[PDB]
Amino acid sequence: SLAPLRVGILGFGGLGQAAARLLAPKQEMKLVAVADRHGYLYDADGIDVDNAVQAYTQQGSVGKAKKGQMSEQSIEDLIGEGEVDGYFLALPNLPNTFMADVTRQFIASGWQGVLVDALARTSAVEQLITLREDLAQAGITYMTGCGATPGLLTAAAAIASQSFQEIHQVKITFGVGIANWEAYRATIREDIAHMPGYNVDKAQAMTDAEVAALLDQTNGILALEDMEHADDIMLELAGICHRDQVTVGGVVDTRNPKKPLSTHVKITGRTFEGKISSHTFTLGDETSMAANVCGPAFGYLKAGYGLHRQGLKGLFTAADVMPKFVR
């Protein structure tokens, strides 16, 4: 509260906006920086969040806000100008290489500090693994898969694993309730890509009408099984189990602000007594996706600052570190 972390959000959609509302009441963390595709907003006194959302929703960028600046290289521009201790990357991974590219920008920028993502795909995370040395060398502490899943649920699994001699499966079943699907376009596009008939490239090309059409077949309900989720590699990287033992599935109701099922992770293992058993970590039906994603993200930004401060640089997952409650 005397020396507060100055933090930025890149991307101002469902997650970016929700991140900004979540940081509003904090005293240890101050939102100084937001960027979207076409513009950015910096204010070392703290972002008027209501104004940044008004600007974004009605004029299509935060660059159109009281303090905003338009730019077709918003993040590139914001990096040089902004005195910022850590950024949350609330961005799409469209294409599957985009997060890595922005991270490359940050590496080349010379900039030092903490980065956090809520990256979902094993493949997207592997691209970030590509950069783990570069990351260390540029003096960046990078916290990857630090949302809900990956993130909170992965970390719960890493903690639960401690009871066992060998891990057998980590099963994630998530439920999401959103009032309409446009609230989290990329989240829902990235979901449709996981589906049987589809991929990343197809999902990207699809029109808002084609998405509503698909959704309409099932009354707004995406059932997703064995999705390509980075929970798998993070748990492997922590040496808890092989990625093949990690399985991620769920149900998105896109016409319903209420969760269609209780999000839970089941951790199955054999104890040193040769008994086989399962721990269950279940989320409260009234913890929203945004809460379950952005809450851990900033806890991981803080833990990441902890690590940065004792000169720890490189790539950490939600599985590797205890996030620190942000006040």
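Residues carry their position along the shown sequence, with the first being 1.
Colleague: Should the higher mean CA B-factor in the entry be assigned to 260 to 268 or to 49 to 57?
Modeller: It is 49 to 57.
Colleague: Which is higher on mean Cα B factor in this entry, 240 to 248 or 192 to 200?
Modeller: That would be 192 to 200.
Colleague: So if I compare the CA B-factors in the entry for 169, 141, 165, 218, which one is the largest?
Modeller: The listed residue with the largest C-alpha B-factor is 218.
Colleague: Which of these, 233, 176, 156, 206, has its C-alpha atom at the highest B-factor, as the entry lists it?
Modeller: Of 233, 176, 156, 206, 206 has the highest C-alpha B-factor.
Colleague: Pull the Cα B-factor of residue 127 out of the PDB entry and bin it into the chain's lowest, middle or highest third.
Modeller: Middle third of the chain for residue 127's C-alpha B-factor.
Colleague: Classify residue 152 as lowest, middle or highest third according to the C-alpha B-factor given in the PDB entry, relative to its own chain.
Modeller: Lowest third - that is where residue 152 ends up once the chain's C-alpha B-factors are sorted.
Colleague: Going by the CA temperature factor in the PDB record, which third of the chain does residue 7 belong to: lowest, middle or highest?
Modeller: Its C-alpha B-factor belongs to the middle third of this chain's values.
Colleague: Looking at the C-alpha B-factor of residue 312, is it in the lowest, middle or highest third of its chain?
Modeller: It falls in the top third of the chain.
Colleague: Which third of the chain does residue 253 land in by C-alpha B-factor: lowest, middle or highest?
Modeller: Within its chain, residue 253 is a middle-third residue by C-alpha B-factor, going by the deposited values.
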